[PDB]
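A.B. asks: A single structure is presented below for examination.
Basis: the model, the stated rules and, where named, an outside source; these are not laboratory values. Note that each Cβ is placed from the backbone with ideal geometry, even for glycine, and that neighbours are counted across all protein chains shown.
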Amino acid sequence: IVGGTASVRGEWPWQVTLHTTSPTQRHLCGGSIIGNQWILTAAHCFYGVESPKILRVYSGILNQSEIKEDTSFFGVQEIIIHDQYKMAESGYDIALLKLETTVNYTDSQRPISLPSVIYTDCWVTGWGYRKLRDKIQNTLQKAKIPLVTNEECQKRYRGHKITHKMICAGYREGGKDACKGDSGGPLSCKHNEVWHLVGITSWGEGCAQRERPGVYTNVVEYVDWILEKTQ
Ligand SMILES: NC[C@H]1CC[C@H](C(=O)N[C@@H](Cc2ccccc2)C(=O)Nc2ccc(-c3nnn[nH]3)cc2)CC1
């Protein structure tokens with residue numbers, strides 16, 4: 001996250017860190033708890049993941065440095081990528097992880113509601129870079145970002161097809177954005193004091209550049225897909 005601040009424990013309890021363990025253990029992508037057995041993330045995260053056997057889902061993490069050899073994690077039973085997905089920039093950038101067992105919800109691990117509205121209180125969160133050439137951050141970062149219209153977003157990405165299945169967010173002057181390692185995490189919007197998972201962090205041109213908003217999977221356009229897959 002560029003131009004963000006440190007989160008505190010329990011601030012974003014639906015935020016997970018998805019680790020790969022091949023050839024070494026490291027953060028791969030963010031994700032969001034949407035059900036006791038269900039993580040919503042980006043399809044692109046799984047490019048060259050050989051199978052779910054190498055994945056570990058960590059919930060209730062603030063600092064990456066908390067994760068040791070005895071730290072509990074969830075195994076991944078199944079990766080469900082949208083059948084029309086080919087590439088992040090071409091949309092359908094959405095995936096479910098079915099966990100091997102149920103998350104018992106606590107102060108530190110809680111589900112986020114799907115959307116059913118003008119969202120004015122939207123936040124992007126993750127352990128990603130603070131600038132284009134950087135490293136994964138120890139402490140989960142947060143930044144408040146304004147949504148932009150799909151009409152404005154298309155004008156900034158004339159090499160790409162921006163559809164109603166995408167939502168864009170960013171400042172005209174730049175300064176705050178998702179960056180490398182934030183993908184798959186949530187764009188969380190608070191509406192009537194309830195948090196909604198409005199976006200999944202997907203792609204963009206660089207990080208926090210002027211007139212280059214972040215592009216997110218528009219979760220409300222996939223609610224029927226999610227409900228079909230989650231039963
Ligand atoms: N301004 C809009 C932003 C929107 C999110 C974008 C993003 O995050 N894309 C992923 C793609 C990706 C995900 C997973 C695997 C390969 C590639 C990505 O780049 N991840 C990534 C990179 C680097 C490390 C890494 N680990 N250690 N050092 N670097 C770890 C994950 C950046 C643009």
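A.B. asks: Quick one: which strands (runs of 3 or more DSSP E) sit completely within segment 73-149 and have at least 2 residues that are among the aliphatic types (A, V, I, L, M) and not assigned by CATH to the domain that holds residue 7?
C.D. replies: 76-81, 95-99
A.B. asks: Can we say residue 189 is in a strand (DSSP E or B), surrounded by 17 or more Cβ atoms within 10 Å (Cβ to Cβ), within 11 Å of the ligand (Cβ to nearest atom) and not assigned by CATH to the domain that holds residue 29?
C.D. replies: no
A.B. asks: With the structure loaded, tell me whether residue 182 is within 9 Å of the chain's Cα centre (by Cα), charged (D, E, K, R) and closer than 14 Å to residue 141 by Cβ or whether it fails that test.
C.D. replies: Considered against the rule, which asks whether it is within 9 Å of the chain's Cα centre (by Cα), charged (D, E, K, R) and closer than 14 Å to residue 141 by Cβ, residue 182 comes out as yes.
A.B. asks: In addition: Where the second residue is part of a strand (DSSP E or B) and aromatic (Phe, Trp, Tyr) and the first is farther than 14 Å from residue 175 by Cβ and within 16 Å of the ligand (Cβ to nearest atom) and lies in segment 192-210, which pairs have Cβ atoms under 7 Å and are six or more apart or on separate chains?
C.D. replies: Taking only residues 6 or more apart or on different chains, the pairs are 199/216; 200/216; 201/216; 202/216.
A.B. asks: Now a separate question. Among 56, 26, which is within 14 Å of the ligand (Cβ to nearest atom), closer than 23 Å to residue 140 by Cβ and in the same structural domain as residue 229 (by CATH)?
C.D. replies: 26
A.B. asks: Can you name the residue in segment 1-23 that is touching a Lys or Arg at 6+ places or on another chain (Cβ under 7 Å) and not in a loop (DSSP other than H, G, I, E, B) and, of all such residues, is nearest to residue 73 (Cα to Cα)?
C.D. replies: Once the filter is applied, the top-ranked residue is 19.
A.B. asks: Moving on. Go through (1) outside any loop (DSSP other than H, G, I, E, B); (2) out of contact with any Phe, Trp or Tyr (no Cβ under 8 Å at 6 or more places or on another chain); (3) within 15 Å of the ligand (Cβ to nearest atom) for residue 50 and report which single condition fails.
C.D. replies: Tallying (1) outside any loop (DSSP other than H, G, I, E, B); (2) out of contact with any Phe, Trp or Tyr (no Cβ under 8 Å at 6 or more places or on another chain); (3) within 15 Å of the ligand (Cβ to nearest atom), residue 50 fails exactly one: (1).
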